[PDB]
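Visitor: as a preliminary step, the opening chains of the complex are given here in situ:
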Amino acid sequence: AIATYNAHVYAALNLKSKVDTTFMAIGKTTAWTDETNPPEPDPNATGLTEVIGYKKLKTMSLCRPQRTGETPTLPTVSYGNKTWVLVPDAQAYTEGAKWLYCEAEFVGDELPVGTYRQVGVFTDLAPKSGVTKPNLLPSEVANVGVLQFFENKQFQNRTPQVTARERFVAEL
């Protein structure tokens, strides 16, 4: 079962290759049992609970945590308190980038407005023939693809005047 470090990088590179068909979803319109303490995400999930809609990623890149004494030349994303170094595909193995960075914005009413508690990334999403737009209602997706990673968090309310920028880093 002993996989190499490079096996994880290979898996991350494989996800990045699916960029043209990678979408970030928002869901869970209904309240958690405890709104202040969301339950831990169960890996057996094949999709989001009460999926609202799908949004094509603004950015998808391989990455790795910054070293303590490193002054990075490459771009950095500063997720609250911890810095990540974005690595181009060619330096994947040399940099040991076994993590994947994903970013997407939910601008106003492009998807139905309301509360949401879930964020997840799907690869190989089939938009119904005749649709190119990055914002897809669940009735507009032909086959949701494969839910790769998701997160359960405290509710956020979205209005036609609100732009929600959702970004996350997943280890592979």
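Guide: Done, it's in. Numbers count the residues shown, from 1 in each chain, chains lettered A, B, ... in the order given.
Visitor: and the most centrally placed residue in chain A, bridged to which residues?
Guide: Within chain A, the residue whose C-alpha comes closest to the C-alpha centroid is residue A:121; the distance, by CA atoms, centre = their mean, is 4.1 Å. Residue A:121 has the following beta-bridge partners by DSSP bridges: residue A:24, residue A:149.
Visitor: right, and it touches residue A:24 too?
Guide: Yes. Residue A:121 sits in contact with residue A:24 when judged by CB atoms under 8 Å, with a separation of 5.5 Å. Yep, even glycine has a C-beta here, placed from its N, CA and C like the rest.
Visitor: so what sits against both of those two?
Guide: The contact sets of residue A:121 and residue A:24 overlap at A:57, A:102 (CB atoms under 8 Å, 6 or more residues apart in numbering).
Visitor: state the three-state secondary structure for the residue lying farthest from the centre of chain A.
Guide: Most distant from the centre of chain A: residue A:69, at 28.5 Å, with distances by CA atoms, centre = their mean. Under the three-state scheme (DSSP: H, G, I helix; E, B strand; the rest coil), residue A:69 adopts coil.
Visitor: that one and residue A:27: what is the separation?
Guide: In this structure, residue A:69 lies at 41 Å from residue A:27, with CB to CB, to the nearest Å as the measure.
Visitor: about what we covered before: identify the residues contacting the residue nearest to the centre of chain A.
Guide: By CB under 8 Å, 6+ apart, the residues touching residue A:121 are A:22-25, A:57, A:102, A:147-150, A:168, A:170.
Visitor: chain B goes on too:
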Amino acid sequence: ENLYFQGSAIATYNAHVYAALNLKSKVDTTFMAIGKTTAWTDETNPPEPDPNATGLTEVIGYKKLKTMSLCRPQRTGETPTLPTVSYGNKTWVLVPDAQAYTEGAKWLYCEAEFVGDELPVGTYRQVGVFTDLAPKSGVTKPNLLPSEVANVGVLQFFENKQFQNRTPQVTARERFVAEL
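Guide: Following on from the chains above, chain B is added here:
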């Protein structure tokens, strides 16, 4: 008004199955290698495999897989319909690609036959699987000497075990199950 969030998302069970399916898709360029001609410090207790390894120590040769299939451990009360194999101390149920997610097959089964002198004879202590192996030019043969490989590809998983001896009269059937 604008909202900003940065979080720690966990991989799904299906993400592991997807990774295993991705390796199976590389079947045409997947090779099993054998190595470590020299004895371990303690021949009876081999050292734990270091994941930072990019290849095998004293690589002997590369042999294209006889079988590569997705699999999962057999359940305690299961009487499997599908084919079964033995690795570690357990039994594994071989699952076809179509039933990958339904069966939750996040493990990969690989098998290769090392028939006699097709690769240099002697003792070996390592077994590893490589994907995207480039044979020098347009060569087709399944048995490749390290001097015959143009680019070894990506060492996906390997094992350190007690020695096995191969002679021109011996056929070694190496099987291993790796979790993804």
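Visitor: please reconsider the contacts of residue A:121 now that chain B is part of the model.
Guide: The neighbours of residue A:121, taking CB atoms under 8 Å, 6 or more residues apart in numbering or on different chains as the test, are A:22-25, A:57, A:102, A:147-150, A:168, A:170, B:9.
Visitor: repeat that for 7 Å
Guide: Residue A:121 makes contact with A:22, A:24, A:102, A:148-149 under the criterion CB atoms under 7 Å, 6 or more residues apart in numbering or on different chains.
Visitor: got the residues of chain A near chain B?
Guide: Contacts of chain A with chain B, taken as CB under 7 Å from any CB of the partner chain, map to A:1-7, A:10-11, A:14, A:41, A:43-46, A:79-80, A:146-151, A:153, A:156, A:161-170, A:172.
Visitor: which residue ranges of chain A form strands?
Guide: Taking DSSP state E, the strands of chain A run over residues A:23-27, A:53-56, A:59-65, A:76-79, A:82-87, A:99-107, A:114-123, A:126-127, A:135-136, A:141-143, A:146-158, A:163-171.
Visitor: most packed of these?
Guide: Each of the strands of chain A was assessed for mean neighbour count using mean count of other CB atoms under 10 Å in any protein chain shown. The highest is strand A:23-27, with a mean of 25.
Visitor: what packs against that one?
Guide: Where contact means 3 or more CB pairs under 7 Å, 6 or more residues apart in numbering or on different chains; DSSP states H and E, strand A:23-27 is packed against strand A:53-56, strand A:99-107, strand A:114-123.
Visitor: can I get it in PDB? Just the C-alpha atoms.
Guide: The C-alpha atoms that make up strand A:23-27 are tabulated as PDB, following Å, rounded to 0.1, in the frame of the first residue of the first chain:
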ATOM      1  CA  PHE A  23     -16.500  23.000 -11.400                       C
ATOM      2  CA  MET A  24     -17.000  24.300  -7.900                       C
ATOM      3  CA  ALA A  25     -20.400  23.800  -6.300                       C
ATOM      4  CA  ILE A  26     -22.200  25.300  -3.400                       C
ATOM      5  CA  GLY A  27     -25.000  23.600  -1.400                       C
END
